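The numbering of the sequence shown is my numbering, which starts it at 459 and goes up by one. Here's the structure, in structure tokens; my notes come after.
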Amino acid sequence: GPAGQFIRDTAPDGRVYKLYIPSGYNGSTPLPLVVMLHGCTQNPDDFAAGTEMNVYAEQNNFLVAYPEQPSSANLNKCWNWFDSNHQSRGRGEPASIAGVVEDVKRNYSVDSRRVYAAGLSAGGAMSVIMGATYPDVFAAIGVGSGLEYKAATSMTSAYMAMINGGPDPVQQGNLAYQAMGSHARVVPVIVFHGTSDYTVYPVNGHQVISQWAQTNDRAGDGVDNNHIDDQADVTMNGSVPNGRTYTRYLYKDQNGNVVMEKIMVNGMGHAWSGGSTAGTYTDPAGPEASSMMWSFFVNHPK
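The structure is reproduced here in structure tokens:
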């Protein structure tokens, strides 16, 4: 029978990416596509090994694309989430990441209603940017230890935002709505953050939700419908056997549908929650962010 494959390619602009093709791919059914955006110092292989996302892709039959940020673009290999040249549609890294999606769609049968972006750290901040700049492409996003839209616009302000948070999330949510331009739609968001993160302080995870509440409130159709706030409708407790506890908050819209989730992992540092020590920047004692993000994505097609 067929076998899954983790291959590499380059998009037309030269962007390197790796692609996991699950064994259940046969070209006869369009599959969902998860774009995974690695954090600083990482690369596609390291991020795949740590998140184990290809394991879930194999089990659930979806494609996984891992764009690579080279040190030529940022010496730490961080997505340049703090640079205005990389915060808008049609230019820089957002256009390049969208171009990876277009390249996969040209060569594989992809379900255009089930394309998602998730990432860790700089890649979590870049996933936020993808939701704000290409909401027409990305059904939903996952943000692991990231920062809100335009949390900084310079490298100096980047370091301040990492410790203090970015500007007023209401203002940033209106800026993200403006960034959506003529493509605006509600983009469901799932956030993970560690409560003992000394690199990107957890205030940033709280702000991601508040910023997206504002953006999604502006983007929902109807003047008196589809509204959403940043007040948790449900607070649920989690516990990993022999691992960490966590709180999972659900944010519903006016219709009662869960549109956002926030998972705060107690005592976790700056790391992808769950996963494997085979990759850097993971915490196997946390809940399995890869599995939970996929479940959220499944439930939030375009």
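In this text, a Cβ means the ideal position worked out from N, Cα and C, and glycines have one as well.
For residue i, three-class secondary structure by DSSP
{"i": "residue 695", "result": "strand"}
{"i": "residue 646", "result": "coil"}
{"i": "residue 753", "result": "helix"}
{"i": "residue 668", "result": "helix"}
{"i": "residue 483", "result": "coil"}
{"i": "residue 726", "result": "coil"}
{"i": "residue 574", "result": "strand"}
{"i": "residue 467", "result": "strand"}
{"i": "residue 748", "result": "helix"}
{"i": "residue 504", "result": "helix"}
{"i": "residue 676", "result": "helix"}
{"i": "residue 736", "result": "coil"}
{"i": "residue 703", "result": "strand"}
{"i": "residue 658", "result": "coil"}
{"i": "residue 462", "result": "coil"}
{"i": "residue 651", "result": "strand"}
{"i": "residue 546", "result": "coil"}
First and last residue of the uninterrupted beta strand (DSSP E) at residue i
{"i": "residue 559", "result": "That residue, residue 559, is in no beta strand (DSSP E); its alpha helix (DSSP H) goes 550 to 565."}
{"i": "residue 598", "result": "598 to 602"}
{"i": "residue 531", "result": "Counting along the chain, residue 531 falls outside any beta strand (DSSP E), and DSSP gives it neither H nor E."}
{"i": "residue 525", "result": "521 to 525"}
{"i": "residue 605", "result": "Residue 605 -> no beta strand (DSSP E), and no H or E assigned at all."}
{"i": "residue 681", "result": "Unbroken run through residue 681: none, as it is neither H nor E."}
{"i": "residue 492", "result": "489 to 495"}
Distance between residue j and residue i (C-alpha atoms, nearest Å)
{"i": "residue 759", "j": "residue 656", "result": "34 Å"}
{"i": "residue 649", "j": "residue 731", "result": "11 Å"}
{"i": "residue 661", "j": "residue 459", "result": "48 Å"}
{"i": "residue 487", "j": "residue 616", "result": "42 Å"}
{"i": "residue 748", "j": "residue 742", "result": "11 Å"}
{"i": "residue 669", "j": "residue 581", "result": "17 Å"}
{"i": "residue 727", "j": "residue 526", "result": "24 Å"}
{"i": "residue 693", "j": "residue 471", "result": "44 Å"}
{"i": "residue 503", "j": "residue 475", "result": "10 Å"}
{"i": "residue 701", "j": "residue 744", "result": "6 Å"}
{"i": "residue 515", "j": "residue 465", "result": "14 Å"}
{"i": "residue 490", "j": "residue 697", "result": "29 Å"}
{"i": "residue 695", "j": "residue 597", "result": "27 Å"}
{"i": "residue 757", "j": "residue 573", "result": "12 Å"}
{"i": "residue 686", "j": "residue 718", "result": "10 Å"}
{"i": "residue 679", "j": "residue 643", "result": "8 Å"}
{"i": "residue 509", "j": "residue 586", "result": "19 Å"}
{"i": "residue 645", "j": "residue 461", "result": "33 Å"}
{"i": "residue 497", "j": "residue 583", "result": "9 Å"}
{"i": "residue 754", "j": "residue 708", "result": "11 Å"}
{"i": "residue 667", "j": "residue 578", "result": "16 Å"}
{"i": "residue 506", "j": "residue 652", "result": "20 Å"}
{"i": "residue 600", "j": "residue 576", "result": "4 Å"}
{"i": "residue 723", "j": "residue 729", "result": "10 Å"}
{"i": "residue 612", "j": "residue 550", "result": "15 Å"}
{"i": "residue 594", "j": "residue 618", "result": "31 Å"}
{"i": "residue 684", "j": "residue 647", "result": "15 Å"}
{"i": "residue 622", "j": "residue 639", "result": "29 Å"}
Range of the contiguous alpha helix (DSSP H) that encloses residue i
{"i": "residue 633", "result": "627 to 638"}
{"i": "residue 513", "result": "511 to 518"}
{"i": "residue 617", "result": "613 to 622"}
{"i": "residue 583", "result": "580 to 591"}
Exposure of residue i, with buried meaning 16 or more beta-carbon neighbours within 10 Å
{"i": "residue 736", "result": "exposed"}
{"i": "residue 711", "result": "buried"}
{"i": "residue 733", "result": "buried"}
{"i": "residue 479", "result": "buried"}
{"i": "residue 681", "result": "exposed"}
{"i": "residue 675", "result": "buried"}
{"i": "residue 560", "result": "exposed"}
{"i": "residue 495", "result": "buried"}
{"i": "residue 500", "result": "buried"}
{"i": "residue 468", "result": "exposed"}
{"i": "residue 530", "result": "exposed"}
{"i": "residue 517", "result": "exposed"}
{"i": "residue 547", "result": "buried"}
Below-7 Å beta-carbon distance, residue i vs any chain D residue
{"i": "residue 485", "result": "Of the protein chains in this structure there is only one, and it is not chain D."}
Distance cut-off 6 Å: residue i Cβ against heavy atoms of the ligand COA
{"i": "residue 516", "result": "Absence of the ligand COA is noted for the structure shown, with no ligands found whatsoever."}
Next item on the list: For the region 471 to 490 and the region 563 to 579, state whether three or more C-beta atom pairs, one from each stretch, are separated by less than 8 Å.
Entry: In this structure the region 471 to 490 lies against the region 563 to 579, because at least three pairs of beta carbons, one per stretch, are closer than 8 Å.
Note to self: Contact between the region 608 to 624 and the region 536 to 547 is defined here as three or more beta-carbon pairs at a separation below 8 Å; is this criterion met?
What the structure shows: Yes: at least three Cβ pairs fall under 8 Å.
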